[PDB]
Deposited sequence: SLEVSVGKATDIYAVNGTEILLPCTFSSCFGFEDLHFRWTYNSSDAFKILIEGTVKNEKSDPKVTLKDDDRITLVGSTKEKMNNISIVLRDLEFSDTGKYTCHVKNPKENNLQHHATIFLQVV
């Protein structure tokens, strides 16, 4: 039918020592098969693949195929949660989705 969004980019502030949800959801008018997704971290001096996986189809959950660290977990929802935040976690978190698309979260740990 119809759904609303605050867009594809957001700044999030979060306190050191806690946990934060980094949101990304996607919608499919059509029927998708074998979706590919990847979360990356970027700072001026650093790059990391945080987590990646696939989504077989609209009915099935996302399967995680690779994960950098167990401080990260996955929660159509491909949001991630970053546990036990540190000040070095500040930077840019991007969710890339194939089958071409990306959402961007700027995380500031305070």
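Gaps without C-alpha coordinates occur at 76-82, 107-112, with positions taken along the deposited sequence from 1.
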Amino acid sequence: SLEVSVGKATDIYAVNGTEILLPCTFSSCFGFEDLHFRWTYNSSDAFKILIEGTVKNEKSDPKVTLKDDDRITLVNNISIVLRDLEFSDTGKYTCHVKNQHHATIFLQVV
From here on, numbers count along this sequence of modelled residues.
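Here 47-55 and 29-37 are compared by their mean Cα B-factor, and 29-37 comes out higher. Comparing the deposited coordinates for 56-64 and 81-89, the stretch with the larger average C-alpha B-factor is 56-64. By the numbers in the PDB entry, the CA B factor is greatest at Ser1 among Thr104, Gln108, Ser1, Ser5. Ranked by Cα temperature factor within the chain, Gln100 sits in the highest third according to the deposited record.
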